[PDB]
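Numbers and lists here come from the model and the stated rules, or from a named source; no laboratory instrument gave them. Note: ideal-geometry Cβ built from the backbone for every residue, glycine included; neighbour counts use all protein chains shown.
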Number of protein chains: 2
Amino acid sequence: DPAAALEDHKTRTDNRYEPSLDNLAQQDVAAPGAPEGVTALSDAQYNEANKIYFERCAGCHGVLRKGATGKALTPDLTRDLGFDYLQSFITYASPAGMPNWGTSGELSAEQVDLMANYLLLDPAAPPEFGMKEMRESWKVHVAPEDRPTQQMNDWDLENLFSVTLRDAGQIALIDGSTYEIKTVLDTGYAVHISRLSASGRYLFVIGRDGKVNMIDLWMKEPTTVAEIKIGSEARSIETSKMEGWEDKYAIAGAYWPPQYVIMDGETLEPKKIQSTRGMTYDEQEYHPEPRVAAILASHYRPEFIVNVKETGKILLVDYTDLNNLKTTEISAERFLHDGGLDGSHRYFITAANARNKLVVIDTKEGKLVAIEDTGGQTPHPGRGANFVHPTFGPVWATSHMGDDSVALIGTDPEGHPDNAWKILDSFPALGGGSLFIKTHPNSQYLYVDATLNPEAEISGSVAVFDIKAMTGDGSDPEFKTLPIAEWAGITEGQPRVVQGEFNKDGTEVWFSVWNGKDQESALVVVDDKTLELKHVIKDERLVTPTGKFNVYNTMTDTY
Amino acid sequence: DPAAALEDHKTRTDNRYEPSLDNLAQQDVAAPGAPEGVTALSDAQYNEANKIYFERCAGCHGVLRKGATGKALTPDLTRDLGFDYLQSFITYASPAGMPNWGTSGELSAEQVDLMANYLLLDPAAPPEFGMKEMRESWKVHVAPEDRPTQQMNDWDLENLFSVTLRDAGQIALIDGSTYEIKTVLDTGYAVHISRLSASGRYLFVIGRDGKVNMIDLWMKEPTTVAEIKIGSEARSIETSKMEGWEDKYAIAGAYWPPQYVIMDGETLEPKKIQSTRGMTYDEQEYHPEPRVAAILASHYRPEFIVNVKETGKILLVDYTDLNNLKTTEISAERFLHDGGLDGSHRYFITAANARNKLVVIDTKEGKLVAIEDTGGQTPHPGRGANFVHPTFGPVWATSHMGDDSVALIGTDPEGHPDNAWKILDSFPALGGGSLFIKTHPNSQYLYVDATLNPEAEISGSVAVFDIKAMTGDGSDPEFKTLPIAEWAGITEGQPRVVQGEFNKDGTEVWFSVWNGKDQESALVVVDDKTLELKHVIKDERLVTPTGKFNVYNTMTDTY
Ligand code: DHE
Ligand code: DHE
Ligand code: HEC
Ligand code: HEC
C-alpha cells in the first residue's frame, strides 16, 4: 500500500547522498504524447515534473527510470500500479538531499499529481555528449609552449590546499602554513573535487556540470590554462600516477551520459570516450545508466581504476595505447561508490555502499581479491584511512553514513595473512551520518566526522581515536570529541563539519565548517599533536567551503 | 527533394546485404502516444508499420532509427522533414533485400502512409534479453556424462558438410564422398552458419532468431544435445580455437540486443554477456545499436575476435577469466562485417565494407597493423581466400559486391615486407554482385561467384583463376567460366549460385544453386583437378540450400 512510503521515502542519515542531477534538470524537454488510458501533461507541466524528477528522484531511480538504489519506474510498471497508488505514495514526498543546497523532499498537492502523471508517461533519453560537443567546448587558454618552464611564483605549492567554494563555483588556493588565501579562482560551476597531476604542477577540478578546468600552479598568477566539458553531470576526475606517466593523462567520469573520458594531461584534448552502458555483474541484465563514481589511478600499472556504480564493475583501463584499448572489467559488487588504495598503494578498497560491502582489487594482478560486509550500514570512506593498528598490523578504515560504526579491514596479505581482507573490528564514533575518516602517517589519531547527523552538536563535531591506544581486544576504543563548529564561532544556522584533510607534514588537519550560501562558514585547523585549535579561517570570499585537498597528499595518495 | 529516393533507395548489387530483422518483427508492439502536432496510429496500424520497418528498413536505419548505413530517422529529424516529404520519398520504394526470400522494397499506398506516420512517432526500444531470459530458454537434451565417449556412427565426420536449408530452418548433413544426405535436422528458424568445435565433435548452428543448437556428431544419430536463445536477432557463432582450450567455449553474436555471449562449450550454459553499445571509433559518438557481425577465434591467444559493425571496433576477448574480463577494444573502421585469418592464422583481415577498406589485426600482439582501401566497391570476402601467389608471396583475396574486382593483399610482413598489407593486384572476375571467393591449400584454383549480379548468365556461373598461371606483370589474369546453374539442370526463376566450399582433401568444391522455397534447388560438386562437373545433389528436401561448411575446413580455419 502507499503507506509503505513511510519506510522507503523518508529521510535517513544514509539516503541523502544520491545524485541530484540539477544541471541536467536545466535542459528543457519535449512533452511526450500519451497512449490510450494515459493522460498527457502539457509542455509546462511535463518540464516542471521533469525538473523535479531530475533534481530529486533520478539519483535513486534513474533519468531513464530503470532503477538504481530505488526500483525501476518505467511506464509498464507504473501504469500497472495506477495513478491513485502513485498519487497516494508520492504525497509523502521523498528523501531529502544534502544539507545546505539539497531538496527538502516536500511536494505540494499540485506537484504530487504532476509526478504521478509524469511517471505514467514514456520518457526520452537526455542528449548524448560526444567528441564533437567536447571539442566544441575545448579551450586551451595558455598553450604548453607559452607556460613557464619552472615555478614563477614564490608559493609553497606542495603545502597548498585547494578548497571548493561550492555554490559560488570557485576554489580557493590557501597557504597550508600561513593560512593566507593566495587566490580565489572562478570555474563558473560548483566544483566537486580537486586532483593534482603526479608532479604536482597541474591542478584539475571537475564541476558537477561536467566542466573540467586545469590550472598551472607554476604561473606567476595561477589560472585556468585549459578547459573542456565532458558531459552534463559529472563528479570525478583523476590523473595518471604510474611512474613514467607523470602528467601524461587525466580522466573524468560522468553520471550523464554514462561514460568516462581520457584527456591529454597537458592540454585536456579529449582522446578517448568510453561508454559505461552495460550488464550488471550478478544478474547479468542490461543497465542503461551505469554511472561512473570514484576514479583512482594505479601505482603498479599504467592504468586508471574506474568504479561503475549500477553494474558493479571496476574497470582497470590501460592508458599506454588508446587505439588498441586494453581494459579489465572486474565483476565486483553493485553500488560501488568511493574508496582508496591501501598503504602500499597496491590494493584498491572500495565501498559498494548500498550493499554494505568493501570490495578489494589487487591492482598488480588486476583481479578481485575479496568482498566483505562491514557489519555497518552504508559505508562511505572517501579515500579511507590507512594506519598501522598496534595489534592487527596495516589496516584501512571506513566510517558509515547509516550508523556510527567505524570498520577496520586488514591490508597485509604478506605480513599478516590471517588478518588480510577480513573485518577486524567495528566500533562506534559520534553517530550516524559520517562521510569522512582521516589519518596521516605522522599522526597517532583517527578522525571521524558526522556531517549528516540530525543532531546539530554531533554534526558540528569530530571524533578522534588514539591509534596508539588501540588494542583490538573487542572493547570500544574511547574517542575525544572536538567541538569543531563551536571553535569556528558561528552564530547562525547549524553548520556541518565535513572532511578532514592534512597538510603536507601531517602535523595539522583541516575541517570545513559548512553553512549555506547566505550564512557564515569557516575552515578550522587543528594541531594534530595536541588536538587543540590551531587556527580559524574566515573570509568574505569563503562561501560554502566543502572539499579541501592538500597538493602533496593528493598527488601522492597519502591517506 | 523527395525525388532523391530514386538514387538513395535504388536497388544496387551492393546494398542488398543489410539486415532484415524479420524475427524481431514478429513481436507485437503497442502504439505510442502522439505529441501535439502529430497524428497517432492505432495499435493495429502501428504494429503493421513496425513489422514493415523491422523487415525492410531497420537494417539500414536501425530499429532505434539512429542510423547504420542509412542516416538517422529519429522523430526530431523526421518531424522537421514533415509528413509530405516522408510520404513522397517512401512512395519511390526502398532497396530490395536478398534474392529468393528478401523484400521487393515496394509498398502499397496504404503502407506508404503507415510508414510516413510511423517515422513521425517515438519508437520504443525492443526488449532486452539477459541472463534470466537465456537461462529460461536453456535446455540440455543430453548431459555430457550421458553422451558417447567415442564416435558411435561410421560417418567420415571430417569430410561431412553441414548445409543450410535456409527457409525451413533446417540443416542437411551430407557425406563428402558419397554425397548422400545423411540426415536433415530441424532447428526452427533459418540457420545462418554452422561452426565446429576445435575437436570436430560438436556442430554449432546459430538461427537468425538467436537460437543456438549444438549437435553431437559422435551419436549414432547426431542430434541437438543442447540449445539456448541468446537474443532476438543473431547471425554469428564461433568456438574456442586456442590450443588447450578445445571444446571449452562457444560465443554467439547478436544484432538485437547489441551483445555477444560466451557459453560453455559442452552444455551451452551462458557464462558472460557483453553489451556492444558504445562509441564510434572515429568521431567518437555514442551509437545505441552496434551490431555484432563476424566472430572468429584466435589461434595465438585464448581469445575470441568480435567485429562490432556500426562503431568500427574489433574486440579481442580473453576467455581465460570471465570474472576479471580482459579485452582489447581496437579502433578499426566503421561497417566491419566479415573476414578471415591469413594462412599463418595470425592476422585477422576484415572488410569494413561500406568504406571499401580491409582492416588487419595482429592477433598475437593484439593491435591493428593496417587499413587499406581495396580499390573496389564494397568488399565481401566471406572468410576470404589465402594462397601463396607465385610472385607476390602469401596473399589473401576478396571479391566485391559492388563491382567485378578481386583484390589481393600481401599477408607476410616478415617474409615479403614491402608487399605486406598492400593491395598487390586487382583484376576483374565475372561481374559485380560477388559474395564469396574460395581456394584450398591442395588446389591451384581460385573460385569467385557473382550471386547478386542482375544477369542470369553471370549469377548462375563462377569464375576460376589458375593461381599457378598468375604473374606479377600487372595484367589481368584470365579466368574460366563454369556454368554451375546450367550443370544443375534446373529451369526456375534464375537460381543463383553461391559460396564455394571444399571437401576435406581439397579435391572437390561445392556450390549452392539457390532457388526459392517453392522452386527447385541443387548443390553442384566440381572436380577441382579437371574443373568439370562431378555430381549434382538434388532432393525434394533440399530447399533453399545456401551456406555449406565442411567439418574439417571449418574446424581448422582452412581457407
Ligand atoms: C562520485 C562522487 C565522489 C567521488 C569522486 C572521486 O573520488 O573522483 C565524491 C566525492 C566527494 C568528496 C571527496 C573527498 C575526498 O577526500 O576524496 C567530497 C569532499 C565531496 C563532497 C560533497 N559531495 Fe560528493 N557527491 C556525489 C558524488 C561523489 N562525491 C553525489 O552524487 C552527491 C551525493 C550529490 C550530487 O549530486 O553532487 C554528492 C554530494 C556532495 C556534497 O554535498 C558535498 C558534501 C559537498 C560538495 O561540495 O558538494 N564529494
Ligand atoms: C553477420 C553475418 C555473417 C558472418 C557470420 C560469422 O562470421 O559468424 C554472415 C555470413 C554468411 C555466410 C558465411 C560464409 C562463410 O563461408 O563463412 C553465408 C554462407 C551467408 C549466407 C547468406 N547471408 Fe549472411 N547475412 C547477414 C549477416 C551475416 N552473414 C545479414 O544480415 C543478411 C544481409 C540479411 C539477414 O537478415 O540475414 C544476410 C543474408 C544472407 C543471405 O541471404 C545468404 C546469401 C543466404 C542465407 O542462408 O541467408 N552469410
Ligand atoms: C533514494 C534515496 C530515493 C529517492 C530520492 C526517491 N525514491 Fe522513490 N523509492 C525509493 C525506494 C527505496 C523505494 C522502494 C522500493 C525499492 O526500490 O526498494 C522507492 C519507491 C518509489 C515508488 C513506488 C514504486 C513501486 O511501488 O513499485 C515510487 C512511485 C517512487 N519511488 C517515486 C519517486 C519519486 C517521484 C521521487 C522523487 C520525488 C522518488 N521516488 C525519490 C528510493 C528513492
Ligand atoms: C539500405 C540499403 C536502405 C534501406 C533498406 C532503406 N533505406 Fe532509407 N535511406 C538509405 C540511404 C542511403 C538514404 C540516403 C541518406 C544517407 O543515409 O546517405 C536513405 C534515406 C531515407 C530517408 C530520407 C531521410 C532524409 O533525411 O532525407 C527516408 C525517409 C528513408 N530512407 C526511409 C526508409 C524507410 C522507411 C525504409 C524501409 C521501407 C528505408 N528507408 C530503407 C538507405 C536505406
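Look at B:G516 and say whether it is over 23 Å from B:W155 (Cβ atoms) and assigned to a loop (DSSP other than H, G, I, E, B). So B:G516 fits the description; yes. Checking the stated criteria, A:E48 turns out not to satisfy the condition of being charged (D, E, K, R), within 30 Å of A:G460 (Cβ to Cβ) and more than 7 Å from ligand 3 (Cβ to nearest atom). I need the full set of residues from segment A:44-73 which are more than 21 Å from A:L107 (Cα to Cα) and within 11 Å of chain B (Cβ to nearest Cβ), in order please. Selection gives A:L64, A:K66. Restricted to helices (runs of 4 or more DSSP H) entirely inside segment B:54-129, those with at least 1 residues that are more than 11 Å from ligand 4 (Cβ to nearest atom) and outside the structural domain of B:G460 (by CATH) are B:75-81, B:83-91, B:109-120.
Looking only at residues in segment A:269-295 that are under 22 Å from the mean Cα position of the chain (by Cα) and among the basic types (K, R), the one that is nearest to the other protein chains (Cβ to nearest Cβ) is A:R277. Going residue by residue through segment B:135-156, is there one that turns out to be within 22 Å of B:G500 (Cβ to Cβ) and under 20 Å from the mean Cα position of the chain (by Cα)? No, every residue in segment B:135-156 fails to be within 22 Å of B:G500 (Cβ to Cβ) and under 20 Å from the mean Cα position of the chain (by Cα).
Exactly one residue among A:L41, A:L24 is in contact (Cβ under 8 Å) with a residue 40 or more places away in the chain, within 12 Å of another protein chain (Cβ to nearest Cβ) and either within 11 Å of ligand 3 (Cβ to nearest atom) or surrounded by 19 or more Cβ atoms within 10 Å (Cβ to Cβ) (or both), and that residue is A:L41.
Let's see how each residue does on (1) of a type in the set (S, T, N, Q); (2) crowded, with 19+ Cβ neighbours inside 10 Å; (3) closer than 30 Å to A:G278 by Cα:
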site	(1), (2), (3)
B:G59	no, yes, yes
B:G70	no, yes, yes
B:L73	no, yes, yes
B:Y85	no, no, no
B:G97	no, yes, no
B:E106	no, no, no
B:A109	no, no, no
B:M134	no, yes, yes
B:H141	no, no, no
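Considering only residues of segment B:413-447 that are in contact with a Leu (Cβ under 6 Å, 6 or more places away or on another chain) and part of a loop (DSSP other than H, G, I, E, B), which is surrounded by the fewest Cβ atoms within 10 Å (Cβ to Cβ)? Step by step, filter segment B:413-447, then rank; the result is B:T439.
So which of B:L322, B:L358, B:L368 is in a strand (DSSP E or B), at the interface with chain A (Cβ under 10 Å from one of its Cβ atoms), in contact with a strand residue (DSSP E or B) (Cβ under 8 Å, 6 or more places away or on another chain) and more than 22 Å from B:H61 (Cα to Cα)? Of B:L322, B:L358, B:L368, the one residue that is in a strand (DSSP E or B), at the interface with chain A (Cβ under 10 Å from one of its Cβ atoms), in contact with a strand residue (DSSP E or B) (Cβ under 8 Å, 6 or more places away or on another chain) and more than 22 Å from B:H61 (Cα to Cα) is B:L368. Could you tell me whether A:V369 is over 20 Å from A:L424 (Cα atoms) and away from ligand 3 (no atom under 16 Å from the Cβ)? Taking the combined requirement at face value, the residue does not satisfy it.
Being over 26 Å from A:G59 (Cα atoms) and either buried (at least 20 other Cβ atoms within 10 Å of the Cβ) or more than 12 Å from chain B (Cβ to nearest Cβ) (or both) is a description that applies to A:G265. Search segment B:280-298 for residues that are farther than 21 Å from B:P381 by Cα and in contact (Cβ under 8 Å) with a residue 40 or more places away in the chain and pair each with any residue that is within 14 Å of ligand 2 (Cβ to nearest atom) and of a type outside the set (K, R) when their beta-carbon atoms are under 6 Å apart and the residues are at least 6 apart or on different chains. What qualifies is B:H287/B:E310; B:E289/B:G62; B:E289/B:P258. Note on segment A:371-392: residues that are assigned to a loop (DSSP other than H, G, I, E, B), among the β-branched types (V, I, T) and within 17 Å of A:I437 (Cβ to Cβ) amount to 2.
This table checks each residue for (1) aromatic (F, W, Y); (2) within 26 Å of A:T320 (Cα to Cα); (3) surrounded by fewer than 20 Cβ atoms within 10 Å (Cβ to Cβ).
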site	(1), (2), (3)
B:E310	no, yes, no
B:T320	no, yes, yes
B:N323	no, yes, yes
B:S331	no, yes, no
B:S344	no, no, yes
B:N353	no, no, no
B:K357	no, no, no
B:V360	no, yes, no
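Evaluated against (1) in contact with a helix residue (DSSP H, G or I) (Cβ under 7 Å, 6 or more places away or on another chain); (2) in a strand (DSSP E or B); (3) among the hydroxyl-bearing types (S, T, Y), A:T183 falls short on exactly one condition, (1). Residue-level check: of (1) touching a strand residue (DSSP E or B) at 6+ places or on another chain (Cβ under 7 Å); (2) more than 14 Å from chain A (Cβ to nearest Cβ); (3) farther than 30 Å from A:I230 by Cα, B:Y300 misses just (1). Among the residues of segment B:244-253, those identified as free of Cβ contacts under 8 Å to residues at least 60 places away in the same chain and assigned to a strand (DSSP E or B) are B:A250, B:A252, B:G253. Residues of segment A:160-190 that are over 19 Å from A:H141 (Cα atoms) and hydrophobic (A, V, I, L, M, F, W, C): A:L160, A:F161, A:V163, A:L165, A:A168, A:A172, A:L173, A:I174, A:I181, A:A190. B:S137 - would you say it is on the phi < 0 side of the Ramachandran plot and within 16 Å of ligand 4 (Cβ to nearest atom)? Answer is no for this residue. Consider A:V38 carefully, then state whether it is in contact with a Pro (Cβ under 7 Å, 6 or more places away or on another chain), closer than 27 Å to B:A125 by Cα and not assigned by CATH to the domain that holds A:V543. No, not satisfied. Residues in segment B:519-555 that are part of a loop (DSSP other than H, G, I, E, B) and in contact with a helix residue (DSSP H, G or I) (Cβ under 9 Å, 6 or more places away or on another chain): B:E520, B:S521, B:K538.
Cβ separations smaller than 7 Å between residues 6+ apart or across chains give the following pairs from segment B:183-207 residues that are assigned by CATH to the domain that holds B:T556 to residues that are assigned to a loop (DSSP other than H, G, I, E, B) and basic (K, R): B:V184/B:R541; B:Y189/B:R208; B:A190/B:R166; B:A190/B:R208; B:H192/B:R208; B:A198/B:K241.
For beta carbons closer than 6 Å, sequence separation of 6+ or different chains, a first residue in segment A:128-142 that is within 27 Å of B:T311 (Cα to Cα) and more than 9 Å from chain B (Cβ to nearest Cβ) and a second that is buried (at least 16 other Cβ atoms within 10 Å of the Cβ) and aliphatic (A, V, I, L, M), the qualifying pairs are A:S137/A:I228; A:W138/A:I228. Evaluation of B:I206 against the conditions (1) in contact with a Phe, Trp or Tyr (Cβ under 9 Å, 6 or more places away or on another chain); (2) outside any loop (DSSP other than H, G, I, E, B) shows that the sole unmet condition is (1). Looking only at residues in segment A:183-226 that are basic (K, R) and within 22 Å of A:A293 (Cβ to Cβ), the one that is farthest from the chain's Cα centre (by Cα) is A:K211.
Just a yes or no: is a residue in segment A:228-247 of a type outside the set (D, E) and within 12 Å of chain B (Cβ to nearest Cβ)?
Keep residues of segment A:228-247 that are of a type outside the set (D, E), which gives A:228-232, A:234-237, A:239-242, A:244-245.
Imposing the further condition that a residue be within 12 Å of chain B (Cβ to nearest Cβ) reduces the set to A:230-231.
Yes.
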